[PDB]
Amino acid sequence: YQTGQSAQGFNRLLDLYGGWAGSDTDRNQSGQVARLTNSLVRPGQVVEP
Amino acid sequence: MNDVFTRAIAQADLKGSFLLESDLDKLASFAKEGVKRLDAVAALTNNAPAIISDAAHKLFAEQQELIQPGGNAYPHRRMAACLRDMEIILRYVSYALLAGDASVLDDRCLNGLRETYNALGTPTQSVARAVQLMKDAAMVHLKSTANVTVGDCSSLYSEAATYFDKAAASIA
Amino acid sequence: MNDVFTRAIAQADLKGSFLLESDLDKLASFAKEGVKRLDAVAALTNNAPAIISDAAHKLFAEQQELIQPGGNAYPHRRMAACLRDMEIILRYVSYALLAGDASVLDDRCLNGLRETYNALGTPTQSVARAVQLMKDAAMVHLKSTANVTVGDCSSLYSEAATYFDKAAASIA
Amino acid sequence: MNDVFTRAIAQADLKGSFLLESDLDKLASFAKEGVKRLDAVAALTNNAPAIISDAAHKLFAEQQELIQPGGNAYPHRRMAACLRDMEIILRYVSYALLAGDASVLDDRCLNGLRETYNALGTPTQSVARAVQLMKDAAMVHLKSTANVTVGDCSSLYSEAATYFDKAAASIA
Amino acid sequence: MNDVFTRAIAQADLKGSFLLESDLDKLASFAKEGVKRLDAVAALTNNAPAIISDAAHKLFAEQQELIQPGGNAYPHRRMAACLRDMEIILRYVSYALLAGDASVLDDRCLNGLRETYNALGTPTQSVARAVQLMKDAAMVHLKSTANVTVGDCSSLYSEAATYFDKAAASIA
Amino acid sequence: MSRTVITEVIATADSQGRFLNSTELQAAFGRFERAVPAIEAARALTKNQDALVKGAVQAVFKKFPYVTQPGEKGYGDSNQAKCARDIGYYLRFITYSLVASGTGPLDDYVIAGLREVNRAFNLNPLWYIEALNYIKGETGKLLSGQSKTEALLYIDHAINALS
Amino acid sequence: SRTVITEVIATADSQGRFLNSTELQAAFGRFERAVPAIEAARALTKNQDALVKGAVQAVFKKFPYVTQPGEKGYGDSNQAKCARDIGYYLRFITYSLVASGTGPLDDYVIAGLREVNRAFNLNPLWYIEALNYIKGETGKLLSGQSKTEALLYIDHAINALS
Amino acid sequence: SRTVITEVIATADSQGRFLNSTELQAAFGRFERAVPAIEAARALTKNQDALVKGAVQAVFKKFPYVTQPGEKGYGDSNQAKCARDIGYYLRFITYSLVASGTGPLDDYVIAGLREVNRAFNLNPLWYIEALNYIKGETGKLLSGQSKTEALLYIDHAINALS
Amino acid sequence: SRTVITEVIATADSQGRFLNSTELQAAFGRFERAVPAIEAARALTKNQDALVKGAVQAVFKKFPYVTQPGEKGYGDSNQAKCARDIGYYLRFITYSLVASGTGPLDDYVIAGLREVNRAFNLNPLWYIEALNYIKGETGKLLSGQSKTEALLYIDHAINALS
Amino acid sequence: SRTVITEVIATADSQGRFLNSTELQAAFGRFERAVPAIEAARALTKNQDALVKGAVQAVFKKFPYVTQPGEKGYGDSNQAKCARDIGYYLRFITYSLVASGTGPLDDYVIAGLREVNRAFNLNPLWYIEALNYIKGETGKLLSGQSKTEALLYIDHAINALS
Ligand SMILES: CCC1=C(C)/C(=C/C2=NC(=C\c3[nH]c(/C=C4\NC(=O)[C@H](C)[C@H]4CC)c(C)c3CCC(=O)O)/C(CCC(=O)O)=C2C)NC1=O
Ligand SMILES: CCC1=C(C)/C(=C/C2=NC(=C\c3[nH]c(/C=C4\NC(=O)[C@H](C)[C@H]4CC)c(C)c3CCC(=O)O)/C(CCC(=O)O)=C2C)NC1=O
Ligand SMILES: CCC1=C(C)/C(=C/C2=NC(=C\c3[nH]c(/C=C4\NC(=O)[C@H](C)[C@H]4CC)c(C)c3CCC(=O)O)/C(CCC(=O)O)=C2C)NC1=O
Ligand SMILES: CCC1=C(C)/C(=C/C2=NC(=C\c3[nH]c(/C=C4\NC(=O)[C@H](C)[C@H]4CC)c(C)c3CCC(=O)O)/C(CCC(=O)O)=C2C)NC1=O
Ligand SMILES: CCC1=C(C)/C(=C/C2=NC(=C\c3[nH]c(/C=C4\NC(=O)[C@H](C)[C@H]4CC)c(C)c3CCC(=O)O)/C(CCC(=O)O)=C2C)NC1=O
Ligand SMILES: CCC1=C(C)/C(=C/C2=NC(=C\c3[nH]c(/C=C4\NC(=O)[C@H](C)[C@H]4CC)c(C)c3CCC(=O)O)/C(CCC(=O)O)=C2C)NC1=O
Ligand SMILES: CCC1=C(C)/C(=C/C2=NC(=C\c3[nH]c(/C=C4\NC(=O)[C@H](C)[C@H]4CC)c(C)c3CCC(=O)O)/C(CCC(=O)O)=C2C)NC1=O
Ligand SMILES: CCC1=C(C)/C(=C/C2=NC(=C\c3[nH]c(/C=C4\NC(=O)[C@H](C)[C@H]4CC)c(C)c3CCC(=O)O)/C(CCC(=O)O)=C2C)NC1=O
Ligand SMILES: CCC1=C(C)/C(=C/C2=NC(=C\c3[nH]c(/C=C4\NC(=O)[C@H](C)[C@H]4CC)c(C)c3CCC(=O)O)/C(CCC(=O)O)=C2C)NC1=O
Ligand SMILES: CCC1=C(C)/C(=C/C2=NC(=C\c3[nH]c(/C=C4\NC(=O)[C@H](C)[C@H]4CC)c(C)c3CCC(=O)O)/C(CCC(=O)O)=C2C)NC1=O
Ligand SMILES: CCC1=C(C)/C(=C/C2=NC(=C\c3[nH]c(/C=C4\NC(=O)[C@H](C)[C@H]4CC)c(C)c3CCC(=O)O)/C(CCC(=O)O)=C2C)NC1=O
């Protein structure tokens, strides 16, 4: 816990981490998409299109 | 985050109009009776270590599960984390009490606690019970007519109760 | 990031072979006629305020419910963000026009834009309409014969239209 | 990460007890074969380039499609990535061989490797085959009675083998 | 940061020759006396809090202006820093005693400490006296023949006394 | 996400991660004591919707006469009525900043993104500064005491942000 | 020191703009409540000896062992510096009351409290009971709002000790 | 944890290298005195109840007031809970002996010690006295190297309490 | 890949701006510099197999021991796959000519070159002087303007190998 | 440079803490291992010339083409440079043996080795096989755990080259 963080910062860092082996490669089949697009503006809820 | 003035202003703007004389009256009453709110917030802040101590004592007496070896509050490092979480949540209830709106709490504080504690495996039920214990141990500090001018503040007691209840119900 | 040359090169390498004669002919023709491409990219770069302003005027004169209170372009921060997104999309279209390949657009502006606009509630249909309006305003500017030598650039008109349509179809 | 000692300590602690006498017998044994363990680790460390080179040669003789253009080891960048992955895996195997506990592999080496390779399109079958070839190469240097006072150490060969199989099964 | 063995190594490199048998015998003597050296540094680290509290008591007894308002140690955090810096110099002296080289303390910090204590206006002779009292209190603990196999350690006491003397003189 | 004495003190206390000591509660008491002149100024300024907005529009036209004719921005019923709308927005967020007793509404709703949206639609900040100065002049005669002082303070903050 | 107006200049100088309405308002409120703080500090300035000796005897009676031989409460110089410590707490509470900010307290006592209590084996319970006794006598000597503002800096000192 | 082996592995991994001769020499030293450490652990485990009970009685003997009614130490609940705490401390001393390092102490006892004590108003001096008593008895119980290594872990705990 | 067009776009992109005069200036320079480069690529591609055979036999003539039994060049596989490696280098030089930038070289060859040469013991000198042979052969294979471009890329490959 | 003691002091000072049992443990292990490494380095010093001459003969027998004119190894000057480089490697092995750490070896040979070998086109395999020769001769010149430590240091130098 870092002073001043929101509750979500922990979950968002977990989403970013991807393990000790993983990396921020950009050589993936996907191409380095953004992970926290909806967790930031809809922090709690979930929406389907 | 949003106090009550900012919240009423947002609701006015979404309808795209000036503030009604009725909401002006509501905010005037809030400002007149915010001195009592200052007193209640001071009561929570000065007496925070007592509230956390009482809630911790009754929680770990009620639940040996937390402090036994292999328990979730055992290893004397998870214990400091427990007391720190209690500190944080009581701090955020004090914020949402001074402000007047639960937006501070459920935005800056408790969107992600359920799944944070699920990711750490800690029992969220025990955290909700800890928050309820904080509430009970806090109201007794909050009603004290010692060294505070006497008056009626039942609305503020209901407000603090609903903030503690919101935190507990979200974490649970 | 890519362009036409690097795309042909990547295809040839993934296949494992030198660039064939026909593909060399295609790239030579591209480089030979790239001066018209530079003129088009300059037409986009130099008139960009005019495109953005005309597109904004038309969008907000046909879709009023954006600028209304509660509309999703109401305050100056949201209107400024609207215009900034319009300029950025036009910028990446001019980029991809210079490069001859829409990879920079699809990698920096379009790979997470529909999701972002949905997560913000912005109507992606109106964003695509804004992009099409910018396309119209720009085509009024790429066909300008002032200050440039006369010639035919139907290919560049089609290419720029397809870049605007890629942006529209990947936001909508 | 846990060595064998810290693993036994955690097991004792969850039971809320001191360490039993059988556990201390086992740990005294483990510290009595610590010198043989050190030789095994030093034979892995000294012969690391030779093991990597042998495994690479045999892997690319076996699976020739890895180095055809379009294969997933074709340019120098991803060939260096092959060699780097293999060196890292041998490094972590030697780490776990020193510690006596496979906790370092799960903690660090294999924490997200499956996800990385599925994202990258890397054939995890080929990576596991590389690890198995690495095991075969390493045992040759482990079983080298040259320069170490002879004795029985088959337990250490079994431990190193099961570490290699652990990594190979995690990847594949 | 450097130890005596690496001093021999560095001077051997400078003269370009192999290590001579005389210096090699000196290093063997140091290596066998290292058993006593380890107990010396262990005594220092073990008794560090008692030593620092003792020397703080003696200093605040002999020097009093550090109590009075306007004295350097009168503000509360300032004498907190007094204790902290005493602990730091003891830690560095333990480092030097283990290494056998005085430069690990001097070249590390005494260069900047001189100018720092000149600028801060503190009585630097008081800090030198603090180092001297630190040396005396550590000397008292190092002669504890209980808990340790009895041996000859006059050279170690001389080494500690000279290390503290040089530290104070560099302070002074 | 706005700013108020309450919100600023809560945010600064949160950033250090602490309870509100004497200073924050003192500032909150200042705000809560202030909210009577501010709120009744917002009330007096709300009651004067149409006189204020219409006078401000007419003053913009008087000081910038060339805008009304064809070939300029202020031509046509739509542009003039929407001048009335824009001045209404400015006055409304001024009363919001009174009630909120902080420039959070003005900043968030008007002041952020002001300059870009003025350029990209070709709106002259002088038009709005003249209308604001007229509103300021007329609050001079509506409000008395500290209410006028804080209405003028917020009007001046908006004018500074335009200039 | 970080007083209310000092907070104003500090939180202003970090960013570009001048002192807006909020900072002027906070300074304003401090300027009203300062004068009652001044008279409260004066009223607290008349009773050094009574407050210090009452608090000393209260903490001694709560802790009978420190007085007894072999404990650090025993001694003439020890009790004299007990009195000097309580006088220090009193004067720094006075400074905080005068400044209308916890700046002097945080500067002069609270900064480095834990480490020195560690190294010199002092127990915060003694000082906390002394501050509770001072709370008690401020309850009688001061009345109304002055009492509130005095008690707020006092129980800030309690919150610092705890 | 921070063993010799684990600390070596971490320091080699952070530099992304294999274990060189210095690391293996340190590991050899660790394995070499694992035997005195395990023997000290075996003694301090066998003589468990005697150590715990003597430590508790020493805490009361040096702290008379703690046994007096109406406060912290009185009540068989607090008695059994003190015994549990001392069992914890000795357990982690033997854990550290086995793990040839201060891993278990630092992970369980040492980290988070002071906040939790100040929150429950537990005095460090009680535990320091109990560990001094355990030091005295394990001086008798152990001779040679086991004595010294045990004493190292005890005073490490004592220092962290101080 | 890093070319003139791509570098222009990335520079005007990272700064968050449109493409101003200098950027289109560089783009135009690339576009009209293309034709000599395209012709050089056509010539190198037409004369590919002869160039590879020449470079292979140059490797063997200058490094006569390499084909002797027991080491690298011995055996048919290593010669056929020498031819493969020289074909790769030639192909990427032509790729870099067509793109008029050192993108393809710095991506598919130069990035990761030292590690894979080290791990396979491939002496760089073999490739350096095979590229020197190709550098010479373009003198009588190309001439005029495109010769400077082809020499420039052969040259960059040689420098990266050294 | 870097020994066990030096790494002890560095790791202890990095965390800003006193010198606890784990690094005392590493220091004791190195201190016990001191004497055999001393004798090993002494034996190596007794055989400077024999070892270096044998090593250069080994490189000449394994790399015969080196000796021919027009190569690196032609000329008596390069012969003396062979001897000097081998002597430098041997001397730094003995320095590592005395210091009981790879420190002197690292910061004198390994530090910036690839760059220098690439600048003057020296081959690492020459020194690798020469160190294998020194390994073979010390396999008979020496005896005991001295073998294992000396061979570990030689192997570390080899692995640095490879
Ligand atoms: C600003 C708002 C905010 C909150 C509230 C918050 C809570 C929070 N508590 C945490 C840890 C923890 N919290 C607890 C406490 C629980 N365990 C027992 O059940 C108790 C009954 C109960 C306390 C009520 C424990 C035991 C941990 C450590 C978990 C572990 O290490 O396994 C963590 C993980 C970080 C760490 O390990 O220190 C977070 C993020 N974080 C935030 O950013
Ligand atoms: C620096 C921080 C600060 C604080 C804390 C503060 C509190 C404060 N409380 C006041 C009176 C008061 N305080 C309360 C609150 C009480 N009602 C119940 O009795 C409870 C015991 C308690 C709240 C649950 C009430 C009701 C009044 C009188 C107002 C009225 O009823 O008209 C007053 C008016 C004059 C006075 O009596 O002091 C102030 C200024 N002012 C400050 O500047
Ligand atoms: C510094 C940046 C830069 C610019 C601005 C630039 C413009 C430029 N445009 C040119 C010709 C031209 N420009 C155009 C484009 C126009 N004609 C079409 O009808 C449209 C009206 C319009 C484009 C949609 C055409 C078609 C040519 C002749 C094509 C050719 O050069 O073969 C030429 C060569 C002169 C000639 O052959 O007539 C230049 C240098 N070059 C640059 O390096
Ligand atoms: C815990 C330590 C650790 C591991 C284990 C690890 C694996 C790992 N391998 C990678 C790339 C790679 N890994 C491989 C490995 C296999 N492919 C197969 O064909 C062969 C068996 C072998 C070829 C050498 C390859 C080919 C790549 C390159 C993928 C690419 O760049 O497209 C990448 C990142 C891709 C990037 O740079 O963007 C990671 C994280 N990383 C770590 O920090
Ligand atoms: C500087 C780092 C360091 C190392 C490397 C080290 C190794 C080491 N190996 C030893 C012997 C030994 N080493 C081995 C292990 C080998 N036997 C072979 O058969 C196996 C192939 C191989 C196991 C992989 C054995 C079996 C012994 C005989 C003593 C015993 O069994 O414990 C000894 C005891 C002395 C002796 O009896 O000769 C040590 C200290 N010590 C160190 O301080
Ligand atoms: C880690 C190595 C290190 C050392 C050794 C060191 C010395 C040091 N002590 C300082 C403060 C201080 N140091 C002292 C101590 C002295 N004053 C007298 O009372 C005593 C005789 C004597 C105690 C030994 C005091 C009183 C201060 C407070 C001065 C101030 O804050 O203005 C400062 C100023 C900033 C700071 O570090 O807090 C330095 C640089 N700094 C370092 O980074
Ligand atoms: C666990 C960490 C560790 C330590 C602490 C350590 C030091 C250590 N000191 C020892 C004995 C000793 N210890 C001392 C030092 C003491 N003798 C007294 O006279 C002095 C006042 C005092 C100096 C501080 C001496 C002199 C010896 C005997 C060595 C000799 O023959 O001189 C021994 C051998 C036990 C024996 O001789 O029976 C060791 C291993 N080694 C370690 O691995
Ligand atoms: C948050 C508060 C807020 C403000 C302040 C605001 C200003 C604003 N003015 C706009 C256009 C405009 N604004 C004016 C104002 C002119 N009309 C003339 O009678 C006057 C001389 C002058 C006013 C003093 C005009 C003529 C336009 C139309 C420009 C055009 O689209 O061609 C627009 C674009 C929307 C549209 O054209 O319908 C905005 C968003 N919007 C907001 O949401
Ligand atoms: C900046 C303000 C400041 C504070 C807060 C402060 C606390 C303080 N009190 C001290 C001495 C002391 N203070 C006490 C008083 C306590 N023990 C008894 O049990 C009493 C019940 C209780 C009094 C409330 C005692 C007994 C000592 C003796 C320790 C010594 O020998 O220094 C010391 C040691 C140095 C000295 O003063 O000579 C400090 C640092 N010092 C300061 O300069
Ligand atoms: C990881 C190892 C670990 C430690 C060290 C630890 C200390 C510890 N002791 C506790 C209780 C306690 N501990 C004591 C102290 C003892 N009682 C007296 O008889 C003695 C004088 C004294 C010991 C010398 C007391 C009095 C309590 C109860 C305090 C209370 O209920 O408020 C508690 C609170 C849990 C509970 O309410 O039962 C903790 C966390 N906990 C741990 O998990
Ligand atoms: C992207 C472009 C690319 C390059 C440049 C490349 C070089 C390359 N050459 C290799 C093998 C090799 N390359 C050679 C080259 C030698 N053969 C003759 O003898 C000459 C003396 C000399 C060539 C001038 C040899 C002998 C090997 C086999 C060595 C071994 O298997 O260890 C390998 C190892 C994989 C394999 O071929 O089995 C690579 C990666 N690979 C690539 O994917």
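Residues numbered from 1 in each chain as written, not as in the entry; some residues may be left out. Chains lettered and ligands numbered in written order. Part of a larger assembly, values for the part shown. Heavy atoms only, no water.

Brief notes about the overall build of chain A
Point 1. Across its full length, chain A carries 2 helices and 0 strands.
Point 2. Considered along the principal axes of its C-alpha atoms, chain A spans approximately 35 × 35 × 10 Å.
Point 3. By residue count, 18% of the 49 residues in chain A fall in the buried class.
Point 4. Put simply, chain A shows about 3500 Å² of open surface, and 51% of that area lies on carbon and sulfur atoms.
Point 5. Here chain A contributes 4 positive and 4 negative side-chain charges, whose respective centroids are spaced 4 Å apart. (Helix = DSSP H or I, 4+ residues; strand = E, 2+ residues; numbered from the N terminus. Buried < 20%, exposed > 50% of the residue type's maximum accessible area, 1.4 Å probe, protein only. Areas by Shrake-Rupley, 256 points an atom, 1.4 Å probe, with all protein chains shown as cover. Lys, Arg positive; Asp, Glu negative; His and termini not counted. Charge placed at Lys NZ, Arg CZ, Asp CG, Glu CD.)

Here's the deal with the overall build of chain B
Point 1. For chain B, the helix and strand inventory stands at 10 helices and 0 strands.
Point 2. Traced from its N-terminal end to its C-terminal end, chain B shows the element sequence α-α-α-α-α-α-α-α-α-α.
Point 3. Projected onto its principal axes, the C-alpha positions of chain B cover 60 × 40 × 20 Å.
Point 4. Going through the 172 residues of chain B one by one, you find that 54% of them count as buried.
Point 5. The contacts of chain B with a sequence gap of at least 6 include a subset with a gap of at least 24, amounting to 73%. (Contact = heavy atoms within 4.5 Å.)

Focus: the interface of chain I and chain C
Point 1. At the junction of the two partners, chain I supplies 34 residues and chain C supplies 38 residues.
Point 2. Taken together, the two surfaces of chain I and chain C that pack against each other cover about 3100 Å², and 71% of this comes from carbon and sulfur.
Point 3. Considering only the surface of chain I that becomes buried against chain C, I:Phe18, I:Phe31 and I:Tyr95 emerge as the three largest contributors, covering 24% of it.
Point 4. For the pair chain I and chain C, the number of links is 4 salt bridges.
Point 5. A salt bridge links C:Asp13 to I:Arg91; the shortest N-O distance between them is 2.6 Å.
Point 6. Linking chain I with chain C are 10 residue pairs in polar contact, by the criterion used here.
Point 7. The biggest single contributor to the side of chain I that touches chain C is helix α2 (residues 21-46) of chain I, with 10 residues.
Point 8. Grouping the constituent residues of the side of chain I that touches chain C by class yields 21 nonpolar, 8 polar and 5 charged. (Buried area = accessible area lost by both parts, 1.4 Å probe. Salt bridge = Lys/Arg side-chain N within 4 Å of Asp/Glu carboxyl O. Polar contact = N/O pair within 3.5 Å; in protein donor to acceptor, adjacent residues only side chain to side chain. Nonpolar A, V, L, I, M, F, W, Y, C, P; charged D, E, K, R; others polar.)

Examining empty space enclosed by the protein
Point 1. Counted by the stated rule, this structure contains 4 cavities of 30 Å³ or more.
Point 2. What the largest cavity holds in volume is close to 50 Å³.
Point 3. Looking at the largest cavity, the residues that line it are E:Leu19, E:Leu24, J:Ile38, J:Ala41, J:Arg42, J:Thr45, J:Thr94, J:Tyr95 and J:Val98.
Point 4. Taken together, the elements giving at least two residues each to the lining of the largest cavity come down to α2 (21-46) and α4 (76-99) of chain J.
Point 5. The dominant element in the lining of the largest cavity, judged by the number of residues it contributes, is α2(J), at 4 residues.
Point 6. Residues that form the lining of the largest cavity fall into these classes: 6 nonpolar, 2 polar and 1 charged. (1 Å grid on protein atoms, 1.4 Å probe; cavity = no way out; pocket = protein on both sides within 12 Å on 5 of 7 lines; lining within 4 Å. Points joined across faces, edges and corners; volume = space filled by probe spheres on them.)

Details of the site of ligand 10
Point 1. With respect to spatial proximity, 21 residues lie near ligand 10, and among them B:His57, B:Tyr74, H:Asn78, H:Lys81 and H:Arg84 are the closest.
Point 2. Near ligand 10, residues from chains B and H are present, making the site a shared one.
Point 3. A distance of 2.4 Å separates an oxygen atom of ligand 10 from a polar atom in the side chain of H:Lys81.
Point 4. When the free accessible area of ligand 10 is taken as 900 Å², the share hidden by the protein chains comes to 94%.
Point 5. For the shell around ligand 10, the secondary structure elements donating two or more residues are α5 (76-98), α7 (113-120) and α8 (124-141) of chain H.
Point 6. Of the residues belonging to the shell around ligand 10, the class tally is 14 nonpolar, 3 polar and 4 charged. (Near = heavy atom within 4 Å.)

A short note on the pattern of salt bridges
Point 1. Counted according to the given criterion, the structure contains 62 salt bridges over all chains.
Point 2. Between C:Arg84 and C:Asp85 there is a salt bridge; the shortest N-O distance is 2.8 Å.
Point 3. Overall, C:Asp85 belongs to the buried group, its relative accessible area being 18%.
Point 4. Two residues, H:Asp107 and H:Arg2, come together in a salt bridge whose shortest N-O distance is 2.9 Å.

Section: the environment of D:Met86
All names here are of chain D.
Point 1. Residue placement: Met-86 occurs in helix α5 (residues 76-99).
Point 2. Here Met-86 falls in the buried class, since its relative accessible area comes to 3%.
Point 3. Along the sequence, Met-86 and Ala-56 sit 30 residues apart, while their C-alpha atoms lie 8.6 Å from each other.
Point 4. Setting aside anything within four residues of it in sequence, one finds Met-86 in contact with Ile-52, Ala-55, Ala-56, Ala-130 and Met-134.

A closer look at the site of ligand 9
Point 1. The local shell around ligand 9 holds 19 residues, among which E:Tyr74, G:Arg84, G:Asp85, G:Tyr108 and G:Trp126 are the closest.
Point 2. The contact in question runs from an oxygen atom of ligand 9 to an N or O atom on the backbone of E:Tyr74, over 3.3 Å.
Point 3. One of the side-chain N or O atoms of G:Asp85 is found 2.7 Å from a nitrogen atom in ligand 9.
Point 4. Protein chains bury 92% of the 860 Å² of accessible surface belonging to ligand 9 in isolation.
Point 5. For the shell around ligand 9, the secondary-structure elements that each account for two or more residues are α3 (76-99) of chain E together with α5 (76-99) and α8 (124-141) of chain G.
Point 6. When residues of the shell around ligand 9 are assigned to their parent elements, the largest contribution, 8 residues, is made by α5(G).
Point 7. For the shell around ligand 9, the class distribution of residues is 13 nonpolar, 2 polar and 4 charged.

Digging into the arrangement of the chains
Point 1. The two units chain C and chain E remain apart, with a minimum C-alpha distance of 47 Å.
Point 2. One finds no contact linking chain E with chain I; the least C-alpha distance across the pair is 30 Å.

Description of the interface of chain B and chain H
Point 1. At the interface, 13 residues of chain B touch 15 residues of chain H.
Point 2. Note on chain B versus chain H: buried area summed over both sides is about 1000 Å², and carbon and sulfur give 61% of it.
Point 3. At the junction of chain B and chain H, the tally comes to 0 salt bridges.
Point 4. Mapped by element, the contributors of at least two residues to the side of chain B that touches chain H are α4 (48-62) and α6 (78-99) of chain B.
Point 5. A total of 4 residues in the side of chain B that touches chain H trace back to one element, the largest contributor, which is α4(B).
Point 6. For the side of chain B that touches chain H, a count of residues per class yields 9 nonpolar, 3 polar and 1 charged.

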